[PDB]
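J.: For reference, the structure I am asking about is given below.
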Amino acid sequence: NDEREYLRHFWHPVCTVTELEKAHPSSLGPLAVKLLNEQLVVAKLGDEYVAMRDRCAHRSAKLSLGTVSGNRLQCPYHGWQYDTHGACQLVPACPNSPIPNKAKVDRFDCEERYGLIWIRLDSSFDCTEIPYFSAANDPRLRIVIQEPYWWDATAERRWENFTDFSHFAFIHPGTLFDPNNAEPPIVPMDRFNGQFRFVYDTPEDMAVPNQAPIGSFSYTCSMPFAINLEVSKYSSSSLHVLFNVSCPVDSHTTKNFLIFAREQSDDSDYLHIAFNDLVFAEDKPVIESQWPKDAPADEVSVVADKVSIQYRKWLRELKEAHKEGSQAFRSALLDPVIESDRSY
Amino acid sequence: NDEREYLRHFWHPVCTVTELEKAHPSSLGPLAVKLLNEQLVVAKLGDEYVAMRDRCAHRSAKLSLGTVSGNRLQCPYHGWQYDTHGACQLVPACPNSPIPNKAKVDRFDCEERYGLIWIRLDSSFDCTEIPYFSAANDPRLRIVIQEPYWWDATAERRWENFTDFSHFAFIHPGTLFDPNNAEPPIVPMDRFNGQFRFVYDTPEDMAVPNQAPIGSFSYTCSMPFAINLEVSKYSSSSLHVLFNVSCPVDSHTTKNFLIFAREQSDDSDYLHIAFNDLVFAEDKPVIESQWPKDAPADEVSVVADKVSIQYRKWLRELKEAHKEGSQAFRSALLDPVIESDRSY
Amino acid sequence: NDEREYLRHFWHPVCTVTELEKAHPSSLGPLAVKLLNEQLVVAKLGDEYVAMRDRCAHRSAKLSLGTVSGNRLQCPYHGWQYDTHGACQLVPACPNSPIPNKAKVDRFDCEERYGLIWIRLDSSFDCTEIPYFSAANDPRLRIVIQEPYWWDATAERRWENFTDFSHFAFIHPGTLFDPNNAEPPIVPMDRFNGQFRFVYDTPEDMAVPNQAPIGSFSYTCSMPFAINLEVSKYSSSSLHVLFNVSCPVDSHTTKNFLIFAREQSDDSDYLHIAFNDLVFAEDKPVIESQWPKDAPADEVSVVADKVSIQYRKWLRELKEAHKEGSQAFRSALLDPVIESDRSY
Amino acid sequence: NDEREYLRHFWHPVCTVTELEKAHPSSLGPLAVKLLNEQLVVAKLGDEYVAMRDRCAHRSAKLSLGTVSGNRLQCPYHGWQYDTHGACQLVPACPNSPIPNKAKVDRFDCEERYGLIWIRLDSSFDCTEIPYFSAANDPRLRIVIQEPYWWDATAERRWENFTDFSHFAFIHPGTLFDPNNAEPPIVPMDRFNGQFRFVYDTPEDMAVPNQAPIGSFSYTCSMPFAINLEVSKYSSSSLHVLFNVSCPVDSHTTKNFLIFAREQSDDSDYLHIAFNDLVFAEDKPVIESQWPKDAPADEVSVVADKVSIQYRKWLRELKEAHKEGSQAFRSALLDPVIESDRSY
Amino acid sequence: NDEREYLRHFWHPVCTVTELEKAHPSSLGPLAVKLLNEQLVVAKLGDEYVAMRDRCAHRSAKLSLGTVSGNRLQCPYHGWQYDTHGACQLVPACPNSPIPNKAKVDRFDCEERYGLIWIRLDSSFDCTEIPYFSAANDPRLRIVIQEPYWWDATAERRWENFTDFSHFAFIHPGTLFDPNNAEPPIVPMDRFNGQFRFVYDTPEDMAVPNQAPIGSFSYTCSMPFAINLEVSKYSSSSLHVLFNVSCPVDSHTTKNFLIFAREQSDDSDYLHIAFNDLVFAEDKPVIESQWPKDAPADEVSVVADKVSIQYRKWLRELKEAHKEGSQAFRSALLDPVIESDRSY
Ligand SMILES: Cn1c(=O)c2c(ncn2C)n(C)c1=O
Ligand SMILES: Cn1c(=O)c2c(ncn2C)n(C)c1=O
Ligand SMILES: Cn1c(=O)c2c(ncn2C)n(C)c1=O
Ligand SMILES: Cn1c(=O)c2c(ncn2C)n(C)c1=O
Ligand SMILES: Cn1c(=O)c2c(ncn2C)n(C)c1=O
Ligand code: FES
Ligand code: FES
Ligand code: FES
Ligand code: FES
Ligand code: FES
Ligand SMILES: [Co+2]
Ligand SMILES: [Co+2]
Ligand SMILES: [Co+2]
Ligand SMILES: [Co+2]
Ligand SMILES: [Co+2]
């Protein structure tokens with residue numbers, strides 16, 4: 001509904017590069033993806049990742065059932081070929097005739113970063129960037145891109161689940177927190193460069209596995225849905241970074257991505273993947289049970305919900321500012337609001 | 001919604017006690033149930049059966065995914081603990097802060113009777129009672145509670161199917177009626193104490209199994225959806241009672257309950273259970289086929305439809321009286337209307 | 001619904017005679033079918049195929065769960081018996097009482113032809129006929145009725161797929177066309193007696209199987225959805241006829257019928273059936289991908305789309321004429337419009 | 001085991017012609033079949049149906065995964081081509097070299113008759129013929145070949161089930177016999193030309209469907225597993241022929257064939273197919289329950305079992321005679337033994 | 001069993017390191033594997049990969065259902081702890097008593113190499129080594145370990161399929177060879193250091209995909225089941241290495257491993273993985289059809305089968321030498337037999 005239009009102005013991940021390469025035996029795509037209820041197709045056309053509407057201009061077949069040919073995407077039905085700008089450049093049935101002026105499909109800003117493919121549906125405000133991942137190009141850290149995981153929950157509810165200090169004791173007792181560490185601190189939160197920044201020192205000496213990323217937590221949250229969590233672990237005295245971002249596929253579904261990086265990397269990737277998967281399996285049934293899918297005004301917050309409250313407040317401001325136009329939105333997103341004592 | 005609001009004032013069964021005990025290994029619940037399209041949770045807190053909306057006040061997680069701890073139902077997400085009145089009495093994240101006054105969920109009338117759990121969503125008219133089961137506390141009779149059975153049919157259509165004299169010869173020829181006995185009598189019907197009361201002396205000497213409850217039929221039907229049928233059986237000269245009641249789960253679904261009692265009880269419970277299941281299997285495809293799900297005004301009645309006609313008329317009066325308020329509803333439900341020669 | 005009302009005036013196939021005879025052990029039906037989102041029942045009563053709304057006038061049970069009893073269709077619930085005109089002639093519960101005037105269900109035109117059962121929902125314009133199959137009662141030809149095939153695509157899109165000259169090279173390269181023969185001719189198209197008639201000499205010497213019906217193509221397309229394609233095959237110098245017609249089951253679905261006839265018939269029926277199934281398997285994914293299901297005004301045509309363009313034009317004229325009434329519709333359907341040199 | 005060797009000398013059906021044509025899109029086969037635990041392949045090579053062992057001489061691949069090429073069967077692995085005599089005639093890898101003398105596979109006598117494909121594994125005694133079907137080439141009769149049906153029972157037990165007069169009342173009460181007609185007559189049985197011949201006049205006026213083939217029964221049973229039953233029906237005064245034969249696939253499995261012919265043929269084939277399928281569904285669970293699969297010496301016969309007793313006696317004689325050689329076997333099979341008063 | 005005993009003297013791969021790390025959340029195992037019908041367990045104890053019989057000495061529980069605890073493998077039933085030598089070092093029920101001398105399980109050679117785990121069941125001849133992979137520690141090459149693929153075919157038949165020059169034209173026509181290139185050369189074969197070495201210049205200019213490893217083929221085949229194929233590709237003038245090895249799981253099954261390395265590595269791993277999977281899908285049905293599973297003496301060879309013929313000859317020599325003992329086996333395996341012009 002109208003509520004969601006403002007989200008079209010952000011970059012969202014739609015697939016891993018691995019998913020694109022696996023989709024078709026050519027390794028070039030095409031791959032069908034869905035973002036904010038739009039049916040799109042991604043393909044590697046020459047040196048560029050390209051996103052188009054997954055709908056041929058001729059007779060509305062899905063281009064995602066087609067083939068990459070040179071630097072073009074060829075429709076399966078009558079072979080029309082589309083260039084990187086979504087323009088048809090070949091109509092095989094009519095090689096001599098002029099190509100109709102309207103023989104084109106919409107294309108969208110599309111970039112690879114961190115091993116994911118990102119799409120921005122509306123670029124007209126031109127003030128948003130791909131989220132920040134702190135571990136990129138840090139040679140001290142081994143990076144693992146997990147396979148995406150799908151939840152029957154919204155990106156807003158997923159974000160709040162990831163940053164929620166209060167649930168660890170109840171949803172993750174064997175795994176992330178002691179069940180008796182249920183009272184979290186109230187942390188200062190800064191807005192800077194379109195990111196929420198805040199720091200949380202979790203309890204020490206908790207009976208949790210050594211591969212649990214538990215320690216001093218530094219969050220950099222690129223609004224609206226990306227979370228970069230840098231952990232200085234207590235047990236190993238080493239850096240562990242979690243980068244989690246949700247693709248808002250439609251009104252009730254998320255395709256979620258986790259990339260994690262670690263300084264101590266002589267151990268098995270699957271030690272960590274299995275642990276992450278366990279954490280997600282603990283969250284999933286409870287988060288999918290939340291109803292209605294979008295948080296209504298009747299939910300009852302407590303002081304420990306500060307992160308959730310401030311998140312909802314900023315999202316509300318972004319939605320209102322989007323209605324006022326590009327300049328208002330840019331200010332709402334990028335104006336600093338500092339409440340900690342840190343330098344910037 | 002509007003057409004069904006009056007049904008919120010009655011007691012409806014939502015599960016058997018056995019279902020509640022089996023739902024969770026604690027034997028205390030919780031169990032998710034649905035009544036009139038409302039999502040509810042049932043649990044046993046101490047000596048009390050409780051029913052609440054299945055939605056935590058904090059972040060809307062389902063309490064039915066939580067845990068009973070003595071006299072509390074604990075939400076699975078952040079561990080809020082609700083007492084028997086639906087009030088949160090512990091917020092683990094803020095154990096010293098005052099609990100918000102809004103931290104409460106709607107609590108509904110919930111009572112065990114006859115081995116079923118009954119819920120009344122609205123008690124404001126204070127004039128409805130749990131349906132009458134004649135065999136309760138008759139020490140002459142052995143009582144068996146069947147597992148519930150789900151039909152893709154409404155409670156009104158199920159009620160009419162149960163009391164329909166004309167269909168026996170076509171739906172139950174091997175089983176309840178001779179295929180020749182298609183013409184039923186037109187019987188007097190009395191309203192008394194919120195019940196329809198009527199008697200039907202079925203045909204004798206029909207080629208049906210001895211466990212068929214066929215004989216003199218005395219109906220006591222607690223409006224809107226319960227039927228107590230006392231059979232003085234021809235074949236065994238002994239009493240057999242069928243108590244059938246439909247939970248209106250939503251606009252197209254019923255969860256149905258059968259409790260039956262018998263005076264001759266030296267035989268197997270499963271002789272009777274299998275017979276009841278055969279009868280229901282004969283009804284099910286035809287009743288599920290009726291469309292639209294609610295009887296529309298264009299259905300064509302004949303004189304043999306008296307029970308159906310009178311039932312529809314009383315339901316319409318109750319709907320209309322509910323709009324006029326508590327006193328009008330009490331009169332529509334509880335005023336006597338006597339057609340027969342009996343006194344009550 | 002509103003856009004589709006004009007389609008109710010045509011004869012559409014709903015099942016094969018084989019399907020009707022297999023539906024029930026009596027071989028007389030009843031069989032439930034769906035046409036233009038209407039739920040219907042088909043049965044053979046005496047010598048007549050009948051079609052009625054699949055909904056008893058009494059309590060709305062499905063007559064398709066009932067039984068043919070001589071010259072009657074009997075409802076399963078209370079045994080009301082309907083004659084070939086849809087009128088109830090027996091109410092078993094009240095066999096002496098007058099039958100209500102309202103005890104009737106809607107009866108529709110229903111006729112067997114070519115081994116299919118055809119239904120016309122609206123006969124008020126009295127100007128449509130069952131489509132033309134040229135091989136009927138041609139003793140030189142062996143006729144095979146294939147089993148129906150269901151597609152998640154509309155009847156309009158299926159028709160255009162069948163008559164589309166341009167896609168053969170991309171969808172059927174191994175099978176019907178050389179992949180290099182992508183440029184089709186622009187052929188004259190005649191409207192005559194409610195049929196599109198046109199001829200297409202396909203390319204010779206293509207590397208296609210001997211059982212591929214490739215040759216001189218003569219189309220007689222009974223509007224709106226039936227195609228009679230007479231092929232004078234290059235490879236065998238013999239006649240092969242394809243008759244394809246789509247049942248518009250609802251807004252997203254077709255039940256499609258293929259009947260084929262051949263002059264050289266000493267070979268296996270299954271050589272041809274397997275080839276037809278291969279062609280259909282090649283088309284199915286691409287046609288089911290077209291979205292939205294109904295072609296929007298934004299589709300971009302090229303000159304090679306003449307058949308599709310002219311088809312859409314005639315359908316629009318018929319939809320417009322239907323709003324103006326019976327004589328306007330008759331004119332739009334049956335007036336001749338001749339482009340070619342041929343004489344009719 | 002050794003018990004079964006004698007069965008290799010008879011013709012057995014292995015598939016319908018329809019199954020062969022459907023197996024491969026060429027309609028020529030190949031089709032894998034199994035007979036007396038031998039893995040065979042059938043193909044149409046030119047004008048001939050050919051059966052070979054399903055095992056290439058080169059590297060033991062299954063020829064049934066190959067292709068018919070001209071009048072040869074081509075192995076899928078390295079393309080060796082086998083002629084109608086099982087001889088390899090092309091080794092693609094070594095076109096100039098002589099083909100090895102041992103490059104051949106066993107072939108077996110293979111013929112089409114009545115729309116089935118028949119194989120005789122051992123032709124060395126040269127005294128057996130394909131079973132007799134009385135309706136072949138009788139233009140008064142419409143013939144229907146049913147799809148094969150598979151049972152977990154032996155061909156001997158299937159034969160005895162088909163000719164058993166005593167079970168109709170218990171396995172087929174609604175369907176073939178009145179439940180009170182349980183006492184059958186003791187009929188004379190003749191051996192003539194390798195066939196058991198006997199006649200049985202079933203009870204009249206039984207409450208069975210009109211499509212039930214009930215009447216005067218004349219059996220011609222080509223030993224060991226084929227039954228030709230000619231029924232002069234009581235209800236319709238018309239001829240109905242049932243031809244049933246079992247393929248002994250292995251020690252515990254049969255692939256069974258039914259062909260039926262009828263003089264009154266204006267009705268639906270599927271009336272009869274559905275009835276036959278119902279009969280088979282009534283027999284199947286009981287016959288599959290018989291254990292051990294081969295009848296042991298401890299079974300207890302009664303006088304009503306005459307047909308079964310005489311069948312087992314003749315099979316025993318054939319098994320013993322096979323051990324004594326070709327002349328003894330020919331006499332055991334073809335010597336007449338007459339006990340009725342009929343002409344031959 | 002008897003025929004296969006000699007295979008116990010070689011190193012066979014049983015799982016990838018990835019499979020071991022994924023088996024249990026600890027990433028240390030245990031993992032159940034099967035080799036030559038032996039049930040084994042693999043675990044990482046400290047720095048060592050260990051393999052034991054998967055059967056506790058106490059009450060025969062599977063150790064693969066247990067847990068790694070530091071330098072011990074702990075049985076799930078009564079917690080006996082086994083050291084890297086298969087000796088029990090803790091009996092929790094009797095922690096003071098002497099541990100029985102019989103409280104030990106069989107321990108087998110187990111080593112990681114190339115990302116696979118290798119087991120040698122019998123080390124008594126002390127003359128076999130883990131197979132040679134030429135790309136190991138070649139920094140010019142990117143290495144990809146595929147997931148294992150399981151075939152219902154033996155290791156011998158899989159080896160012959162991989163090195164078979166003749167089948168490419170029939171099994172892989174679109175994919176590896178022109179269908180016309182059916183005649184292979186007869187190449188010299190050298191035995192050196194327990195390897196078969198031979199070179200094959202495949203045909204140039206074939207219509208095969210660019211990612212097809214087609215070019216100059218140099219085989220180094222570590223007996224009995226590992227093949228190292230170095231391809232100097234015609235199409236890219238670059239090195240591509242295929243390392244394929246079969247685990248003989250039991251008498252009918254192989255778990256197969258492919259590792260591939262490539263010099264031009266800027267392209268997608270999944271271009272190559274998809275192509276390898278296509279090749280394997282083309283081979284699988286034909287190789288699984290070969291019967292009996294072990295090649296019998298009756299198979300008929302042609303001159304083009306030189307590689308297969310020489311392979312079977314060497315395997316027979318090794319089986320014969322094994323019966324004569326350690327020094328005979330060492331000689332048969334490691335003595336050089338040079339046919340070519342090359343120098344080693
Ligand atoms: C929210 N969240 C996670 O989701 C998570 C985690 N470690 C692993 N995961 C997967 N930590 C520490 C965490 O806070
Ligand atoms: C409606 N109804 C039943 O549903 C029924 C029954 N006996 C068993 N059942 C289950 N009888 C007598 C009956 O009238
Ligand atoms: C559209 N179409 C078909 O669908 C078809 C065909 N031959 C078989 N089929 C099934 N031909 C020639 C054809 O043009
Ligand atoms: C054994 N048998 C049948 O199996 C059968 C049948 N009619 C149909 N079937 C199928 N009859 C009359 C019969 O005797
Ligand atoms: C046997 N074989 C293969 O199995 C193969 C291959 N390339 C990929 N695969 C998988 N080549 C060239 C090959 O000869
Ligand atoms: S629908 Fe894409 S080319 Fe025609
Ligand atoms: S949602 Fe229930 S405690 Fe938070
Ligand atoms: S619903 Fe059809 S007879 Fe009653
Ligand atoms: S296995 Fe048949 S040709 Fe080689
Ligand atoms: S069976 Fe292993 S410790 Fe007992
Ligand atoms: Co969580
Ligand atoms: Co009923
Ligand atoms: Co097509
Ligand atoms: Co039988
Ligand atoms: Co191969």
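Each chain of the structure tokens is named A, B, ... in the order shown, its residues numbered from 1; ligands are numbered from 1 in display order.
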Can you pull out the residues contacting residue 198 in chain E? Cut-off 9 Å, using only C-alpha atoms, and skip same-chain residues under 3 positions away; I want them as a PyMOL selection string.
T.: chain E and resi 187-190+217-221+340
J.: Give me the residues near residue 120 in chain B as an MDAnalysis selection string, where near means some atom within 8 Å (using only C-alpha atoms) and where sequence neighbours in that chain fewer than 3 positions away do not count.
T.: chainID B and resid 8:12 108:110 123
J.: Near chain E, which residues of chain A fall within 9 Å when you count only C-alpha atoms, and what do they look like as a ChimeraX atom specification?
T.: /A:18,21-22,24-28,267-275
J.: Can I get the selection written as an mmCIF file, in the first residue's frame, with N, CA and C atoms?
T.:
```
data_model
loop_
_atom_site.group_PDB
_atom_site.id
_atom_site.type_symbol
_atom_site.label_atom_id
_atom_site.label_comp_id
_atom_site.auth_asym_id
_atom_site.auth_seq_id
_atom_site.Cartn_x
_atom_site.Cartn_y
_atom_site.Cartn_z
ATOM 1 N N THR A 18 26.302 -15.753 -6.037
ATOM 2 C CA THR A 18 26.216 -17.205 -6.187
ATOM 3 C C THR A 18 24.849 -17.641 -6.722
ATOM 4 N N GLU A 21 24.672 -16.848 -10.417
ATOM 5 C CA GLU A 21 25.505 -17.717 -11.254
ATOM 6 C C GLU A 21 24.944 -19.124 -11.345
ATOM 7 N N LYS A 22 24.255 -19.580 -10.293
ATOM 8 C CA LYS A 22 23.652 -20.913 -10.292
ATOM 9 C C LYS A 22 22.324 -20.985 -11.037
ATOM 10 N N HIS A 24 21.203 -20.311 -14.043
ATOM 11 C CA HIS A 24 21.212 -20.729 -15.435
ATOM 12 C C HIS A 24 22.577 -21.350 -15.715
ATOM 13 N N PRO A 25 22.648 -22.408 -16.530
ATOM 14 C CA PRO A 25 23.957 -23.052 -16.784
ATOM 15 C C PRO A 25 24.997 -22.141 -17.426
ATOM 16 N N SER A 26 24.595 -21.050 -18.085
ATOM 17 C CA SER A 26 25.568 -20.102 -18.627
ATOM 18 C C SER A 26 26.368 -19.385 -17.547
ATOM 19 N N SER A 27 25.882 -19.387 -16.302
ATOM 20 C CA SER A 27 26.392 -18.642 -15.153
ATOM 21 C C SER A 27 26.136 -17.142 -15.252
ATOM 22 N N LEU A 28 25.409 -16.678 -16.275
ATOM 23 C CA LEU A 28 25.187 -15.248 -16.502
ATOM 24 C C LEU A 28 23.783 -14.817 -16.111
ATOM 25 N N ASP A 267 39.546 -22.194 12.153
ATOM 26 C CA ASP A 267 38.532 -23.179 12.483
ATOM 27 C C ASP A 267 37.592 -23.376 11.296
ATOM 28 N N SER A 268 36.577 -24.211 11.484
ATOM 29 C CA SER A 268 35.676 -24.567 10.392
ATOM 30 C C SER A 268 34.628 -23.487 10.158
ATOM 31 N N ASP A 269 34.429 -23.104 8.890
ATOM 32 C CA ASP A 269 33.297 -22.240 8.541
ATOM 33 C C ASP A 269 31.982 -22.813 9.051
ATOM 34 N N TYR A 270 31.856 -24.144 9.051
ATOM 35 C CA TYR A 270 30.579 -24.785 9.371
ATOM 36 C C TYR A 270 30.292 -24.829 10.864
ATOM 37 N N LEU A 271 31.316 -24.694 11.706
ATOM 38 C CA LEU A 271 31.078 -24.385 13.110
ATOM 39 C C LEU A 271 30.203 -23.143 13.236
ATOM 40 N N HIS A 272 30.559 -22.101 12.494
ATOM 41 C CA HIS A 272 29.838 -20.838 12.583
ATOM 42 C C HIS A 272 28.509 -20.888 11.843
ATOM 43 N N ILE A 273 28.490 -21.489 10.648
ATOM 44 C CA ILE A 273 27.244 -21.568 9.885
ATOM 45 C C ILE A 273 26.202 -22.342 10.673
ATOM 46 N N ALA A 274 26.606 -23.452 11.300
ATOM 47 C CA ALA A 274 25.642 -24.230 12.063
ATOM 48 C C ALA A 274 25.109 -23.426 13.244
ATOM 49 N N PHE A 275 25.988 -22.670 13.915
ATOM 50 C CA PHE A 275 25.565 -21.825 15.028
ATOM 51 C C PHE A 275 24.597 -20.735 14.560
#
```
J.: Which neighbours of range 84-88 of chain B fall inside 8 Å, counting only C-alpha atoms, when residues of the same chain fewer than 6 positions from it are skipped, and could you give them as JSON, numbers by chain?
T.: {"B": [45, 48, 50, 52, 71, 72, 99, 103, 104, 105, 106, 107]}
J.: With only C-alpha atoms as the counted atoms, please give the residues lying no more than 7 Å from residue 300 in chain E, apart from itself and same-chain residues fewer than 3 positions off, as a PyMOL selection string.
T.: chain D and resi 57-58+102-103
J.: Grab the residues selected above and save them as an mmCIF file, in the first residue's frame with C-alpha atoms.
T.:
```cif
data_model
loop_
_atom_site.group_PDB
_atom_site.id
_atom_site.type_symbol
_atom_site.label_atom_id
_atom_site.label_comp_id
_atom_site.auth_asym_id
_atom_site.auth_seq_id
_atom_site.Cartn_x
_atom_site.Cartn_y
_atom_site.Cartn_z
ATOM 1 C CA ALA D 57 27.081 -58.063 -25.538
ATOM 2 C CA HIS D 58 29.735 -55.298 -25.366
ATOM 3 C CA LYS D 102 30.536 -63.326 -30.086
ATOM 4 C CA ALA D 103 28.972 -59.861 -30.658
#
```
J.: Could you pull out the strand (DSSP E) residues of range 160-310 of chain D from DSSP and send them as number ranges by chain?
T.: D: 190-192, 195-201, 215-222, 226-233, 239-250, 253-262
J.: When DSSP is applied to the backbone of this structure, which of range 91-241 of chain B are assigned alpha helix (DSSP H)? Write them out as a ChimeraX atom specification.
T.: /B:155-162,168-171
J.: I need the residues from that last selection saved to file as a compact mmCIF listing (two decimals), in the first residue's frame (with C-alpha atoms), if you can.
T.:
```txt
# COMPACT_ATOMS: atom_id res chain seq x y z
CA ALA B 155 -22.42 -24.45 12.12
CA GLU B 156 -25.92 -23.59 10.86
CA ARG B 157 -25.63 -26.07 8.00
CA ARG B 158 -24.25 -28.71 10.38
CA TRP B 159 -27.12 -28.19 12.84
CA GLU B 160 -29.68 -28.54 10.06
CA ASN B 161 -27.97 -31.68 8.78
CA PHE B 162 -28.15 -33.27 12.23
CA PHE B 168 -31.75 -40.21 6.24
CA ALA B 169 -33.13 -42.35 3.42
CA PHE B 170 -30.71 -40.93 0.81
CA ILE B 171 -27.50 -40.24 2.75
```
J.: Skipping near chain neighbours, those fewer than 2 positions away, what residues fall within 10 Å of range 199-207 of chain A using only C-alpha atoms, listed as a ChimeraX atom specification?
T.: /A:165,173-181,184-190,197,209-210,214-220,229-235,340
J.: Near residue 132 in chain E, within 9 Å and counting only C-alpha atoms, which residues show up once chain neighbours fewer than 5 positions away are dropped, as number ranges by chain?
T.: E: 195, 220-222, 226-228, 243
J.: All residues within 6 Å of ligand 8 are required, counting only C-alpha atoms and all ligand atoms; please report them as a ChimeraX atom specification.
T.: /C:56,58-61,75,77-80
J.: Would you mind reading off the distance between CA of residue 253 in chain B and CA of residue 153 in chain B, one decimal, in Å?
T.: 5.1 Å
J.: Provide the CA of residue 225 in chain C to CA of residue 332 in chain C distance in Å, to one decimal place.
T.: 16.1 Å
J.: Using only C-alpha atoms and all ligand atoms, which residue out of B:62, B:191, B:4, B:284 lies closest to ligand 7?
T.: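 Checking each of B:62, B:191, B:4, B:284 against ligand 7, counting only C-alpha atoms and all ligand atoms, the winner is B:62.
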J.: Identify, on the basis of only C-alpha atoms, every residue whose closest approach to residue 143 in chain B does not exceed 8 Å; exclude the query and any residue fewer than 4 positions from it along the same chain; express the result as a ChimeraX atom specification.
T.: /B:135,259-262
J.: What is the CA of residue 314 in chain C-CA of residue 299 in chain C distance in Å, reported with one decimal?
T.: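 Separation of CA of residue 314 in chain C and CA of residue 299 in chain C: 16.9 Å.
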